[PDB]
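All values below were derived from every heavy atom in this structure, side-chain atoms included, with hydrogens, water molecules and symmetry-related copies excluded. Per chain, numbering begins at 1; letters A, B, ... match sequence-line order.
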Amino acid sequence: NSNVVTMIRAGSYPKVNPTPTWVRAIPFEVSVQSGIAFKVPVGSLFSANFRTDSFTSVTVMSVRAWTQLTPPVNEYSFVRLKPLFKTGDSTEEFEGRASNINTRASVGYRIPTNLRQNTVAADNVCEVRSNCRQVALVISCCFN
Amino acid sequence: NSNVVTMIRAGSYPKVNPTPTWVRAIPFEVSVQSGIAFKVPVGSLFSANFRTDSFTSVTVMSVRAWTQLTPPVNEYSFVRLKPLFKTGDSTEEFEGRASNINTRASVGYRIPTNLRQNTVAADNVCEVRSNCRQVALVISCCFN
Amino acid sequence: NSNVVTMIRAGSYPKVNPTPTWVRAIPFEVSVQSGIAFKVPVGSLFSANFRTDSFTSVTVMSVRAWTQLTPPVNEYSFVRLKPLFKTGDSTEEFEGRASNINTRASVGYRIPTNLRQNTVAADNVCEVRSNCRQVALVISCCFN
Amino acid sequence: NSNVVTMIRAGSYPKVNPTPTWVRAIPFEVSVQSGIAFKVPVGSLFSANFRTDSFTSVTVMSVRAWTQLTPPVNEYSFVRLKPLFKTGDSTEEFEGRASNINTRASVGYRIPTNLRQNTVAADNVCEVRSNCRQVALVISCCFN
Amino acid sequence: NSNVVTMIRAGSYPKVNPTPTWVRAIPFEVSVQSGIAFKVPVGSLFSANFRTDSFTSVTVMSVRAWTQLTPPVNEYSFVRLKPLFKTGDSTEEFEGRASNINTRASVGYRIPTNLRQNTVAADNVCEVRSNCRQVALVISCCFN
Amino acid sequence: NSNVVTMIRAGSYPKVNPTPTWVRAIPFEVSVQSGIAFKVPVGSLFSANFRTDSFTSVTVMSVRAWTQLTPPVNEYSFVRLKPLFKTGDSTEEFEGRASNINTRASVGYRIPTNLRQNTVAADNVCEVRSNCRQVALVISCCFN
Amino acid sequence: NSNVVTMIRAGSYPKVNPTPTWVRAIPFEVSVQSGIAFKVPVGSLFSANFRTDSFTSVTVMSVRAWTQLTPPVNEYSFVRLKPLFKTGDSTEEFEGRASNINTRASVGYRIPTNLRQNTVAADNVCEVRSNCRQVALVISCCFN
RNA sequence: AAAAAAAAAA
RNA sequence: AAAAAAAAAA
RNA sequence: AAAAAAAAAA
RNA sequence: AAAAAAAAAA
RNA sequence: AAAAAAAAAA
RNA sequence: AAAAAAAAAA
RNA sequence: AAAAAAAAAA
RNA sequence: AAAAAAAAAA
RNA sequence: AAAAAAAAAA
RNA sequence: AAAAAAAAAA
RNA sequence: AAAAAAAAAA
RNA sequence: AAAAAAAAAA
RNA sequence: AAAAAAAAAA
RNA sequence: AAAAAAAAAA
Ligand SMILES: [Mg+2]
Ligand SMILES: [Mg+2]
């Protein structure tokens, strides 16, 4: 390959976009209480911590969750996800449980193409339930 | 395809990165004076206007330039690029000229793999010369 | 095949969901008045009569309608469907007519993937018009 | 694919059923005492918690069990299942044991076609034995 | 081919629709001010001038824009499009620039299937920015 | 497929037409008297009820007719069509009869390419005769 | 297949045996002391608990052992098996050790065809040694 | 990958 | 997938 | 290995 | 016959 | 399955 | 798809 | 056309 | 020779 | 293995 | 050249 | 059409 | 894609 | 013989 | 020999 700078025979000015879209896998944690569902805010996806503070909308594709702290004594960890949507919330409770007391419980869900619209900060992604005080989420989405 | 939310049989917690790299084509303009070279600052690449204010380093791959305003009376536009490098500046003057007085002049250069290291805000990319008061640049780079 | 109970070499605890989705064909009737459009409520889809009272949302895929009572004297039955959507109602009037005075008139419409979002009890599916006092609907949908 | 609503050339009124059958995997827990067998009631399968309260009968296909709490000190978890049938109870004691003290014990059994008849709330599925105070069951069945 | 009228052996009365959908490419202009974004109203798509006054909803598929008047002295034309959506506005600024001062600048964007829902008169399609006082749009859509 | 908005590399301004042609199947009814021919006016094809009020001309391709009300006592329905043309009316009487007293009679005719010219509101399509007080027409035409 | 009882064209009285042989995998536990070998009695294989109380002889094919309780503090479990035979005891000490302190240690041995003779209650199968107070055995044998 | 239940298509 | 024991079929 | 987003090449 | 949802198997 | 009209792609 | 009547073409 | 029940044949 | 139950192997 | 009667499927 | 919408044919 | 970055699948 | 000049490799 | 830099051609 | 109109057949 070349070891020096070389000329580029540029043509006309191209189509440009200073603020493009971005497909990402965003990791963040949420605090969870015993027997109570926690509504995950879409606003958590927009942050300088993820280089996404310039976005105001996002299209969520999938959600994965893991328990982030140990479970109560004698128990195995569990985590549940209930998808939420502006056009109508679901009543599914996708659940994962650990089979070793020292291991994380995990589960996830995919959003179908027909339900992949935008969401803003004030919207919620899903409800999280667990016997662990913290849950780690990894959300696959398209910032736009 | 599916019309409803479906379960994802998630496994162990994956490797994650909240602040990934980003390959981009960044468009911006610079002011140019007659007979004077303008040093293009790398700092112009880091801005909320490009969603890149969270980065402090960038690896430039190629630089393309176009005249952005009309040339002086009776003249055809021209633009020249002189690559700059922290390990030693080049003396090449890659030039493009218009063949129609109403059209932009354009030129570019590719940086070879061996010279693709990082640059920070205080560094300069290249020197620009033109008979036009403004030059539009489109820089292909890897933010990291 | 086996005539006795046999062991299952079960492994780790699986992913579970006590409240899954359900693809259905829901039959119900609506009362219709001469020259007046009847707005079909989505709420009619949630009922113990269909085993769907545990759901609060549904994604409608297609709607089919049949006249359920005889038409006025000297006439042939007819039924019209006008799709309704939260993002904007349609002005289509899909119509079917009977070709035998003693036979039902029928028609239907398919909702495209891009318009297959959720609906809740307070929403309406479509407007029904007919010269018959009752119309029988069969709605293909995904409860979630 | 289509982006708009389209007509369906519906024919005669079809055969319908407002209350269909449903093949499911039902997860629930039972409390177990040391040295005592717990009779699992079929009634636990009918609940609004599973969207099955509209059913009064079910055909069980298979039963899987996991210990749901930690075992006594110095021990490895174990779980046993004894199939029960209205025409004659079995004396099999299908057992699983953990090989790591921190892991669940698991086992299951399949019901042969010849023994797949209906069961009602007052009937029992099987007897559960364990050294753990709770057992998690996942029953594969056909609600009708 | 036949030179006279011929009989058609018609059967039963067909399914009919007096008010069908219509796929179109709608051309219209908007006034634009220096440094200010113009919100393009969906209402502009419904007009007797396009034979679309009978529609109240439309599904936009793509938007293309061209500068419609000459740019300021010494400049090249430019046009920018920022997609707007009821579920969340985008922050993309798709841009085109002219490479000849006497030529139009142009750009466009495609709406993905998952975001192709209906819009009504009060909704907005996108924001337009330009250095030209007028922009000509051609919107590909499905009236319904 | 894409889940986000994407750029379109638009070129020059295309050829456009705000008021295009439209191929349609138009359904409407006419009142018919015993032993009297009813001249079907072309004007009935132009109406807001069909989204065609912006057109003033139409090219008819084919005409189909069905009896729309029951026939007199003891009789079977019948319908006759006599094509009319500005350059010379036909004397054909294309006829259909029912073979069941409760069923519609139907018939149609195709206009040959050589006779497919435009017609305006004041023109007539055909003459209708029937023993039924109403006839339902479905006219295949090209609005222009 | 048949849904009713059907005739069997039986012939002469067959050879019969009310008390047949049985190939089994028998699970049972033994108590073990630190630094002391435990002689496993063959008599443990004959019990109503295994449905084998009607047998007085058995041919052992293989022996597998697992530690059944946790090991002493700071240690990994271990289990050793020394085969015993009426014609001459072996001096082999087949051993397994755990590689995780929370996991069972396991080992086994196969008896060659030439040493597969019968054993009665008063005979011993093998000697067991372990640092765990209990060992779980699974013996593959032929009851006769 | 096949099969069973609900749905859709053919 | 083959083999051994019980059973069934051929 | 294919696909989607950004980029580059053709 | 294929596909989508629940389940089962591989 | 082909064709005509509107649209999109190539 | 073939044939018969009128017409046209070859 | 195959299968199940009764019968017949082989 | 195949299948079902228990076991073993792969 | 085919056929006849009843049934089921196609 | 394929596809989507309206129409026509098969 | 291939490749690089982010993502998804296998 | 080939060739000429400088360089590198073979 | 291929490749890299400058040039030329296609 | 094909096609168009009327008829008949398939
Ligand atoms: Mg009848
Ligand atoms: Mg471990």
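Counting any heavy atom pair closer than 4.0 Å across all strands shown, E/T6 reaches sugar-phosphate atoms only and no base atom. As judged by a 4.0 angstrom heavy-atom cut-off over every strand, D/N144 is placed among residues making no nucleic acid contact. Residue-level contact check: D/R64 touches the backbone only, with heavy atoms under 4.0 Å from sugar-phosphate atoms and none from bases. The residue E/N17 sits apart from the nucleic acid: no heavy atom pair falls under 4.0 Å.
Between the P atom of J/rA10 and the CZ atom of B/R110 lies a distance of 12 Å, rounded to the nearest Å. Taking atom CZ of residue D/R9 and atom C1' of nucleotide H/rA10, one finds them 17 Å apart after rounding to whole Å. Atom-to-atom, CD1 of A/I8 to P of J/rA10 comes out at 10 Å; the value is rounded to the nearest Å.
Geometrically, G/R24 does not engage G/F50 in a cation-pi contact defined by less than 6.0 Å to the ring centre and at most 45° from the axis.
Judged purely by atom type and a 3.5 angstrom limit, F/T52 uses its side chain to pair as donor or acceptor with the backbone of F/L45.
The CH2 atom of F/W22 sits 11.0 Å away from the SG atom of F/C141 when rounded to the nearest 0.5 Å. With values rounded to the nearest 0.5 angstrom, G/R110 atom CZ is found 10.0 Å from G/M61 atom CE.
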